[PDB]
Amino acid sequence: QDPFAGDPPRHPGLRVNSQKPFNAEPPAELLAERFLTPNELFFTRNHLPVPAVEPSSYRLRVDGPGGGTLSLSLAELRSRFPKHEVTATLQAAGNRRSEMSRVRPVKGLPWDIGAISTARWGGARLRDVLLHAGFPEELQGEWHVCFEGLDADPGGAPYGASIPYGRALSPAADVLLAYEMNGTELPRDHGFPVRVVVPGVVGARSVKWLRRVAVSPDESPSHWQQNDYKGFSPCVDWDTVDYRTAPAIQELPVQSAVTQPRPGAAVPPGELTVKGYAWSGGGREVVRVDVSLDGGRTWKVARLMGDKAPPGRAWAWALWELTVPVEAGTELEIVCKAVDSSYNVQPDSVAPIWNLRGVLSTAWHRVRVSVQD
């Protein structure tokens, strides 16, 4: 009776942590090999079966201020609104969960360093769609924009998330209703025919397979806006957790990881090129990446690849690399850490950020290797 029979096929080289629903990340060897992650490798994160969508009978629902409903077809979304492109990294709340479970087991998909990818998205500006539906530039008080997807659970409830009205209306926030990804139409796994893209914020809020946009006095009433995607003290456990006591994750903290070489690898002597990525929420730029060969006692500054984005609008990761000298038969512990435009930094160790749900894993990334003789 398989609810997943309809799912699309995937690239055979992904690291799959869950088949049903499908949740996988690119192999770390390939993760930072390009600045734009090819579509078929882009990390994929699904809560439910992937909806089968028939393009022409597709209608996106958008309720105007007055409770009247406007309803947009896919053709009309492409032609009513000037297409805008935005290059943005999506990062799973629980990227790097693995390292947290090493300290104490947590419940969640066991992502490694790869629950993150970058793509050039293209489509309508949400701000434009809303203005078109009749909304003003500014509402009085705290308002939220709610998205529902087409995928729902056994019992009817759709996946949903929300963002602050302000962020939705802002030209600089670049919030897209994308129908293109890396120059082609949105793949099924990635939200075909339409998804929201919220630059600078946790991946959880980029609703895929979009069916509705509502404006409201409150956050998305949904399970995943309300009872998931929050960070707690390392002391909080499954009996003590109170979801009303922490804000829903929106922006993410500064983050980086070593993608080459891999743990346990033996590398040749002379010169070693260490490569990785770094990124920060909030559209805040990565301004420096320090790398260590000795477990974080001494550091050197890595080189940042990529082109500078406007101030406040660094939605894309920075890729870094650092070529250094390595001795016959030494042991290296390779550490990296990133600093952003607000000078936020990454913490030394993992225990003090541990949280029962395994999200927000951004302590320094350590990689043990040896040098052959």
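A residue's number is simply how far along the shown sequence it sits, counting from 1.
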Which of 215-223 and 268-276 has higher mean CA B factor, as the PDB entry lists it:
215-223
Higher of the two mean Cα B-factors (306-314, 39-47; per PDB record) comes from 306-314
Looking at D348, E321, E54, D340, which has the highest Cα B-factor in the entry?
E54
Residue selected from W209, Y165, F232, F147 by maximal Cα B factor:
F232
Lowest, middle or highest third of the chain for the C-alpha temperature factor of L70?
highest
Going by the CA temperature factor in the PDB record, which third of the chain does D290 belong to: lowest, middle or highest?
lowest
Sorting by Cα B-factor within the chain, modelled residues only, which third would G122 end up in: lowest, middle or highest?
middle
CA B-factor placement of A115, once the chain's modelled residues are sorted into thirds
lowest
Lowest, middle or highest third: which one holds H84 when the chain's residues are ordered by CA B-factor from the entry?
highest
